[PDB]
Amino acid sequence: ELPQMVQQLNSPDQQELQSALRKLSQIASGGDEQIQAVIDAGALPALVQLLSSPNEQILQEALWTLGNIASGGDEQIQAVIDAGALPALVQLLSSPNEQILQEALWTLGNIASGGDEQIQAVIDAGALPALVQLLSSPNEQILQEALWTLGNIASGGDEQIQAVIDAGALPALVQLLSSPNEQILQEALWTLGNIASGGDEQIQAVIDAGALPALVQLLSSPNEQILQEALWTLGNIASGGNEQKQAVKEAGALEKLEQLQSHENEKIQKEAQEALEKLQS
């Protein structure tokens with residue numbers, strides 16, 4: 001079974017290569033134990049090589065297989081990294097084929113769902129400037145994939161947060177707080193919340209980027225999920241130092257937060273209360 005399949009990934013007969021590729025992709029879309037069988041069979045170097053196939057269908061299906069491998073456990077994500085997939089994945093971020101572009105983004109997002117070391121490998125492969133550019137894609141699906149991927153990177157340690165800030169992501173993220181698309185809006189809030197879960201100077205960069213007026217407004221959102229994400233991100237900002245806290249107060253937050261203490265949702269009441277007590281000493 002799997003050793004023959006892997007051999008055929010190098011076959012000059014394209015029907016063999018594709019037949020082997022479709023069976024491996026099937027297997028890699030199962031559980032982690034199946035993913036491991038594929039990795040242990042030695043499929044990764046050849047799958048990485050197929051990221052240069054001039055055949056677009058083959059390229060895309062190799063990409064989908066890697067993305068599935070990368071939805072596995074952190075050691076499975078690390079094998080993808082150790083097989084040298086990141087440089088090609090980053091190049092693919094400038095593919096004019098939007099289905100290929102999307103699958104590269106999805107795969108990088110999966111890799112960035114790993115541990116902080118896996119996230120750092122994504123940063124070190126130079127993914128950030130392209131991800132930041134993709135935040136102004138006219139394609140909503142592309143934009144959402146880039147956003148998801150950035151949010152994942154921003155969910156790592158403070159050094160990972162710092163690279164996102166350093167790559168210039170903040171102004172784009174704050175602009176997306178005007179998005180009329182509710183999913184985009186939610187994921188931008190969530191990404192800013194993750195940045196604002198860092199150090200006080202990382203909180204200050206969010207403030208400096210102009211996020212507070214939209215955050216405070218969104219405490220009155222009719223979508224409870226949006227309200228909650230705004231309130232979480234704001235509560236993170238309010239956990240900063242005195243200069244951070246003073247800026248929250250001057251943005252008008254005390255009045256909305258008090259209003260929230262009578263909200264029917266207990267998580268909202270409690271979050272608002274925590275926020276207020278931080279802000280008031």
# chains A, B, ... in the order shown; residues from 1 in each chain; ligands from 1
$ residues_around --residues "stretch 67-76 of chain A" --least-positions-apart "5" --cutoff "12 Å" --atoms "only C-alpha atoms" --output "VMD selection string"
chain A and resid 24 to 40 43 to 44 47 to 48 60 to 62 81 to 83 85 to 86 89 100 102 to 119
$ residues_around --residues "residue A:239" --least-positions-apart "4" --cutoff "9 Å" --atoms "only C-alpha atoms" --output "MDAnalysis selection string"
chainID A and resid 197 200 203 234:235 244:245 275 278:279
$ residues_around --residues "residue A:147" --least-positions-apart "3" --cutoff "7 Å" --atoms "only C-alpha atoms" --output "list in words"
residues 135, 143, 144, 150, 151 and 187 of chain A
$ write_last_selection --atoms "N, CA and C atoms" --output "compact mmCIF listing (two decimals), in the first residue's frame"
# COMPACT_ATOMS: atom_id res chain seq x y z
N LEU A 135 -4.72 41.37 3.19
CA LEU A 135 -5.79 42.01 3.92
C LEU A 135 -6.50 43.07 3.08
N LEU A 143 -9.22 37.25 1.58
CA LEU A 143 -9.03 38.14 2.68
C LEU A 143 -9.35 37.39 3.97
N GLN A 144 -10.45 36.66 4.04
CA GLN A 144 -10.74 35.95 5.30
C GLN A 144 -9.73 34.90 5.70
N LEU A 150 -3.44 35.23 10.08
CA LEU A 150 -2.77 36.24 10.93
C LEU A 150 -3.22 36.16 12.37
N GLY A 151 -4.50 35.89 12.55
CA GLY A 151 -5.02 35.76 13.89
C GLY A 151 -4.37 34.60 14.62
N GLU A 187 -13.51 38.40 12.95
CA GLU A 187 -12.13 37.95 12.87
C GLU A 187 -11.08 39.09 13.04
$ closest_residue --among "A:21, A:182, A:196, A:127" --to "residue A:222" --atoms "only C-alpha atoms"
A:182
$ residues_around --residues "residue A:9" --least-positions-apart "5" --cutoff "10 Å" --atoms "only C-alpha atoms" --output "ChimeraX atom specification"
/A:4,14,16-21,24,43,45-47,49-50
$ select_by_dssp --residues "stretch 50-90 of chain A" --states "alpha helix (DSSP H)" --output "PyMOL selection string"
chain A and resi 50+56-69+74-82+86-90
$ write_last_selection --atoms "N, CA and C atoms" --output "compact mmCIF listing (two decimals), in the first residue's frame"
# COMPACT_ATOMS: atom_id res chain seq x y z
N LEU A 50 5.85 18.45 -5.47
CA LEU A 50 4.71 18.71 -6.33
C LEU A 50 4.15 20.13 -6.27
N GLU A 56 -1.72 22.31 -12.63
CA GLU A 56 -2.41 23.07 -11.60
C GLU A 56 -3.28 22.22 -10.71
N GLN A 57 -3.95 21.25 -11.31
CA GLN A 57 -4.74 20.29 -10.60
C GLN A 57 -3.89 19.43 -9.65
N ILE A 58 -2.72 19.04 -10.11
CA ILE A 58 -1.85 18.25 -9.27
C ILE A 58 -1.28 19.13 -8.12
N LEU A 59 -0.90 20.35 -8.46
CA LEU A 59 -0.37 21.30 -7.51
C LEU A 59 -1.42 21.52 -6.41
N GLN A 60 -2.62 21.80 -6.81
CA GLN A 60 -3.65 22.05 -5.85
C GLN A 60 -3.97 20.82 -4.95
N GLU A 61 -3.99 19.63 -5.51
CA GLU A 61 -4.28 18.45 -4.73
C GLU A 61 -3.10 18.07 -3.75
N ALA A 62 -1.86 18.35 -4.13
CA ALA A 62 -0.73 18.20 -3.23
C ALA A 62 -0.84 19.18 -2.06
N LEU A 63 -1.28 20.39 -2.41
CA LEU A 63 -1.51 21.44 -1.45
C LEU A 63 -2.60 21.10 -0.43
N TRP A 64 -3.73 20.60 -0.92
CA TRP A 64 -4.77 20.12 -0.07
C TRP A 64 -4.31 18.97 0.88
N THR A 65 -3.50 18.04 0.37
CA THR A 65 -2.92 16.99 1.19
C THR A 65 -2.03 17.52 2.30
N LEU A 66 -1.20 18.51 1.98
CA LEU A 66 -0.35 19.10 3.01
C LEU A 66 -1.16 19.86 4.09
N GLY A 67 -2.16 20.62 3.65
CA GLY A 67 -3.04 21.29 4.55
C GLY A 67 -3.72 20.31 5.48
N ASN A 68 -4.16 19.16 4.96
CA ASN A 68 -4.74 18.11 5.81
C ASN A 68 -3.71 17.51 6.78
N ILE A 69 -2.51 17.24 6.30
CA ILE A 69 -1.43 16.79 7.17
C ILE A 69 -1.16 17.81 8.34
N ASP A 74 0.78 18.74 16.75
CA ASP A 74 1.94 19.61 16.57
C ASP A 74 3.18 18.89 16.01
N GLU A 75 3.41 17.63 16.36
CA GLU A 75 4.57 16.91 15.74
C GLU A 75 4.37 16.62 14.24
N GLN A 76 3.13 16.51 13.82
CA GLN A 76 2.82 16.32 12.41
C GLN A 76 3.01 17.64 11.65
N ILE A 77 2.67 18.76 12.30
CA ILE A 77 2.91 20.06 11.69
C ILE A 77 4.42 20.26 11.56
N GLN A 78 5.15 19.83 12.59
CA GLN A 78 6.62 19.99 12.54
C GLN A 78 7.26 19.15 11.41
N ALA A 79 6.76 17.97 11.13
CA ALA A 79 7.26 17.21 9.98
C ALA A 79 7.04 17.96 8.67
N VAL A 80 5.88 18.59 8.53
CA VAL A 80 5.64 19.42 7.32
C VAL A 80 6.70 20.53 7.20
N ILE A 81 6.98 21.19 8.31
CA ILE A 81 8.01 22.21 8.36
C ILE A 81 9.40 21.62 8.06
N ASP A 82 9.75 20.54 8.74
CA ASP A 82 11.06 19.89 8.51
C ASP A 82 11.26 19.39 7.08
N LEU A 86 7.64 25.34 3.87
CA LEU A 86 7.28 26.78 4.05
C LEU A 86 7.72 27.71 2.90
N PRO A 87 8.94 27.57 2.40
CA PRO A 87 9.32 28.51 1.32
C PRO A 87 8.46 28.45 0.10
N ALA A 88 8.02 27.26 -0.27
CA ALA A 88 7.19 27.14 -1.41
C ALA A 88 5.81 27.67 -1.06
N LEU A 89 5.31 27.35 0.14
CA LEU A 89 4.00 27.86 0.52
C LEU A 89 3.98 29.39 0.46
N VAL A 90 5.03 30.05 0.94
CA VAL A 90 5.10 31.50 0.91
C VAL A 90 5.11 32.02 -0.55
$ closest_atom_pairs --of "stretch 166-234 of chain A" --to "stretch 252-263 of chain A" --cutoff "10 Å" --atoms "only C-alpha atoms" --output "Markdown table"
| residue | atom | partner | partner_atom | distance |
| --- | --- | --- | --- | --- |
| A:212 | CA | A:253 | CA | 8.9 |
| A:213 | CA | A:252 | CA | 8.3 |
| A:215 | CA | A:253 | CA | 8.9 |
| A:216 | CA | A:253 | CA | 5.8 |
| A:217 | CA | A:256 | CA | 8.6 |
| A:218 | CA | A:256 | CA | 9.7 |
| A:219 | CA | A:256 | CA | 6.6 |
| A:220 | CA | A:256 | CA | 7.7 |
| A:231 | CA | A:257 | CA | 8.7 |
| A:234 | CA | A:253 | CA | 8.8 |
$ closest_residue --among "A:93, A:153, A:163, A:195" --to "residue A:133" --atoms "only C-alpha atoms"
A:93
